[PDB]
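To keep things clear, I will list the structure first and then write my remarks on it.
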Amino acid sequence: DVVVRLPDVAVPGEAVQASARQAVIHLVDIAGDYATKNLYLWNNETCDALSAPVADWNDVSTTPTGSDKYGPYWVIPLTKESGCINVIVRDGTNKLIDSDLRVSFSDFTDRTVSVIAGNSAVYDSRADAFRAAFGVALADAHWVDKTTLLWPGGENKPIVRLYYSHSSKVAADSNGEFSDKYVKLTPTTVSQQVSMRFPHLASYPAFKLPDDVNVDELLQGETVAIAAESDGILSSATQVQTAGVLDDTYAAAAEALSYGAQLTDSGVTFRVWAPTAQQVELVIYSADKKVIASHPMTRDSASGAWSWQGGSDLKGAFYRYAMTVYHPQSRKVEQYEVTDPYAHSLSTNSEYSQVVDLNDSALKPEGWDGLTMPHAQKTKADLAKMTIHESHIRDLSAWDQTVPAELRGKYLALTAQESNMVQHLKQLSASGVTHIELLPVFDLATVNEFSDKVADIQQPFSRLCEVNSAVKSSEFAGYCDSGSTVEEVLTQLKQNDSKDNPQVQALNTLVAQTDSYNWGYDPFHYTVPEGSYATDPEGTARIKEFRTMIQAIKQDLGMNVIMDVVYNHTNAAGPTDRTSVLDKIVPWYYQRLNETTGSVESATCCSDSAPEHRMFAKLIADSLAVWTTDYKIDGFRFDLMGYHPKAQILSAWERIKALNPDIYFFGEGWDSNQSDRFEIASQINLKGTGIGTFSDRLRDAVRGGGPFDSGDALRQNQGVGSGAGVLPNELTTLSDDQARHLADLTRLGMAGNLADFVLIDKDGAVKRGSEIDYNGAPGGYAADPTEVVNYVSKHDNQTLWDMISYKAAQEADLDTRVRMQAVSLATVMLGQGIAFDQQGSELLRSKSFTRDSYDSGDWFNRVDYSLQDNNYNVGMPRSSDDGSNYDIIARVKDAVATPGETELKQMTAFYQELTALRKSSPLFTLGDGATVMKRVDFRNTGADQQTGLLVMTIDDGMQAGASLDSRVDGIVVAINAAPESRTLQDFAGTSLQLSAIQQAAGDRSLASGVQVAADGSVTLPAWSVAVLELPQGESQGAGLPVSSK
Ligand SMILES: [Mg+2]
Ligand SMILES: [Mg+2]
Ligand SMILES: [Mg+2]
Ligand SMILES: [Mg+2]
Ligand SMILES: [Mg+2]
Ligand SMILES: [Mg+2]
Ligand SMILES: [Mg+2]
Ligand SMILES: [Mg+2]
Ligand SMILES: [Mg+2]
Ligand SMILES: [Mg+2]
Ligand SMILES: [Mg+2]
Ligand SMILES: [Mg+2]
């Protein structure tokens, strides 16, 4: 075999070295035209060392100072020799490096650097750039099955090889020869199996390893793909992504096993999947975290799993896995201890995993095993009744002075039957809220569970300074030795807070670093409860407390429980970070990587996971199985579900239905951009599967605008619920046509956002739901309404009240704005889709305009169950994300008074009326899409409609089929989202009756002032909601037949 070696050419010296007040940049012409090469140079805040850089982007005259055969270079004048400079390397006005370069004079003290076109790295010399160009670079080779490598670098090259080194890096030796062992590769054609697994790589050149290759040998260390010419000079070399071959080699054998510290009465078996590790030891720790044993584990050859079996005396023991494993990011054989990705119990702050048997009676509240789901979820009609209250453990109880102090912010607050919060939830349940959805209660990373390291706003400012050095070094340091609590300081800061002095958020942003508050979309361990919500985060105690909460919700409050789950990302990856678990144990397998660099992708926010890989799909299903069986969770909401393959979500659902036949799955099925890799679990792709998705259609039509809005657009973009068209504010330009389009989306959503539902649009045209456009997408997408989750408020983005406050006309008074809140919620609560709402919408909840409140603390997330106010106007929201909105906030904020007890009680009554109406007839919750189509229609449609009046009919008459409600032959839902009184004339001669529920509320009803006249006409006041019924006589009547279209 020919030996592969570096180019036998001289390594380039420097063309020139920077002198005083100069920088030098070489463009190293690695590719075997210099006059058109030029630099764009500019000073900004962070880099400002350039002397008089040319201002005009179009000026291409900063051409090379000199050049030679190794390329051109530039000498650049500076005003100082410290700091950095901004550089874009161009040909003409086109970038030759896609990255905007930053040349650091601290990383390159001689200020003489080198770059290569198409390469974002900055080198200290042309020699370094040259050796990098002919060395291991990037990671664009993919070893996808036993014998197949996909690699663009190997195309049309005679020598293509897979070099490998068990304990070091593949590199050229002192002679310049690559002397590590290798396997010869040959051109081949990709198999269909591989093409279906990796469609985004299917067009890459394919190469074949010998059928007798010892894969386990190569996978234990570094592998590098190397291409060369016939003479044997290296052409390119790159690192190898191995997840595909790991699945092809090990996944079936590994899928057949179970993982974690599996404790039963006979003993314990520990198992961890680590098919590339060179060694795995099980380290057992005492309660005081001293090592008491380190056990070499036993590797199984078929699966690449490691196991160790011991006695039941290991119950309660702490443990970690000591890994010896090559990590391709660092290119080192790393040595570190890692917690179990299958941990079911943890020490404080997740430092050690703990052996537990979740079946143990000591970890269960009394009567746990007999806990039943209070609301059915079997049929589609059952599911359609789902009415969700999306809640957070701290948002519930952090402020409730009637919850015992030691339970504030804890799972166990739900057991405080004497508290305002629990009594309020109990009344919401009695009125028709059916499900609590919990924000992250698995083990999150972003709260410190060591209570000594945390300071909350109810505690002395002196404590804050002790735990938070940023506060102690800030402009607020003078409060350190005050006798005030943090919340007392924040309160005194309100009066002088404004857009010109956002001092409340200035202090609160520092507080956020060390408080107990986070939404928790930051997974540390997927299958252990979060510790900070327990009264004792050390060891197994949180398990029973979590179960006590679940039992309280289901048995005592009468609501089902949904968990938010976050399998689309990990909190961290790589070999170093505290919270990198999976990516330490099987590096490069559990994360989705860029096809060229091997970098962990971050489209989700964080460290994107790879649910398309078999062992991560298994981890997800196994995790859901524990939450289902051991924690009696009734449904799951998948965060960023579009990052998951449709096939993976469906397989998980099949697996969980074997454990709980009525489990319900839904998620955020927004487009994830992953369709090139697999069919994504999106709104459209899930049609007909029974997996629900949040609908953005009715949401945005009723709220107005969308999550990206900033500045004046927040006010201009009124929604149906805030008077689009009919009650314009001073900035909007919405036309009547635009407002009527939003009403088309709203009606479609009230009918379950079905693709095939037939309506009359704003122009009088007959349209299917899929033909009503939503921001350039088919609006209706579902097969059944139980596939659609409607909402107008959620933890993310502004609260409904804050949206109404941005959008409402100046003349809309406070009482009108409360009715706008209720009218907005009526479109959800009286619609056929599953109903979902944010905790506190019934209390006009505000976040003081905060759009994204995940780390905005108790202050901005406060819900006041004592009913004094709605948390509006408590300071400008965080400047980093809402500073662009300070101008519009200042202009709208004080239009009307802040809600107090009167408005909060009024809104709670409106809310409970809506949820009671939703459950008052099976007709609101038909479940089956074909049944919706046969029974649901709309009036007041087309070009002659009265804008803002939504009139929905639901048929129970003979033309619909059977009577599903023995009391009525039909229902009319009329939502008059407008400042005028409206009269309905199309039910003349039929004698409708107002719902008994609305009658019983009298002048506190949303239908207060509705008139049903002798001629059958119905008059609705401004901003009202009426549910009217056709009473059923001795036999089923004519009803309200759907009109043929
Ligand atoms: Mg310029
Ligand atoms: Mg240098
Ligand atoms: Mg080929
Ligand atoms: Mg007990
Ligand atoms: Mg935690
Ligand atoms: Mg103020
Ligand atoms: Mg925080
Ligand atoms: Mg405590
Ligand atoms: Mg991609
Ligand atoms: Mg589109
Ligand atoms: Mg409140
Ligand atoms: Mg009937």
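In this chain, numbering begins with 1 at the start of the sequence shown.
Here the side chain of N685 pairs a donor or acceptor atom with the backbone of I680 at under 3.5 angstrom.
Geometrically, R394 does not engage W859 in a cation-pi contact, judged by NZ or CZ lying under 6.0 Å from the ring centre and within 45° of the ring axis. A cation-pi arrangement is present between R90 and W57 under the rule of less than 6.0 angstrom and at most 45 degrees off the ring axis. Geometrically, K893 does not engage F849 in a cation-pi contact defined by less than 6.0 Å to the ring centre and at most 45° from the axis.
Checking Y806 against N717 by side-chain atom types alone, no donor-acceptor pair falls below 3.5 Å. Looking at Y791 and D696, their side chains never bring a donor and an acceptor atom within 3.5 Å of each other. Counting only N and O atoms by type, the side chains of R878 and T509 include no donor and acceptor under 3.5 Å apart. Looking at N86 and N44, their side chains do bring a donor and an acceptor atom within 3.5 Å of each other.
The two atoms that bring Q838 and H389 nearest to each other are O-CE1, 4.3 Å, heavy atoms only. Of all heavy-atom pairs spanning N790 and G749, the tightest one is ND2-O, 3.0 Å.
Using a 4.0 Å cut-off between charged side-chain N and carboxylate O, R845 and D395 make a salt bridge. Salt bridge absent: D882 and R851 never bring a charged side-chain N and a carboxylate O closer than 4.0 Å. Using a cutoff of 4.0 Å between basic side-chain nitrogens and carboxylate oxygens, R819 and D815 are scored as salt-bridged. Between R715 and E730 there is a salt bridge, since a side-chain N of the basic residue sits under 4.0 Å from a carboxylate O of the acidic one. Ionic pairing of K847 and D852 is not present here: no N-O contact between side-chain nitrogen and carboxylate oxygen is shorter than 4.0 angstrom. A salt bridge links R677 with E601: the closest approach of a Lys/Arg side-chain nitrogen to an acidic carboxylate oxygen falls below 4.0 angstrom. A salt bridge is defined here as a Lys NZ or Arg NE, NH1 or NH2 lying under 4.0 Å from an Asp or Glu carboxylate O, and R740 with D736 meets this definition.
Ring geometry for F442 versus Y526: interplanar angle of 30 to 60°, hence tilted. By the 30° and 60° cut-offs, the orientation of the rings of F757 relative to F938 is perpendicular.
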Working for salt bridge (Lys or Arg N to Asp or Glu O under 4.0 Å), residues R891 and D887: CA-CA 6 Å; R891 287 154 59 194; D887 179 74; 2.9 Å; yes
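Close placement of the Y517 and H392 rings is indicated, their centers lying within 6.0 Å of each other.
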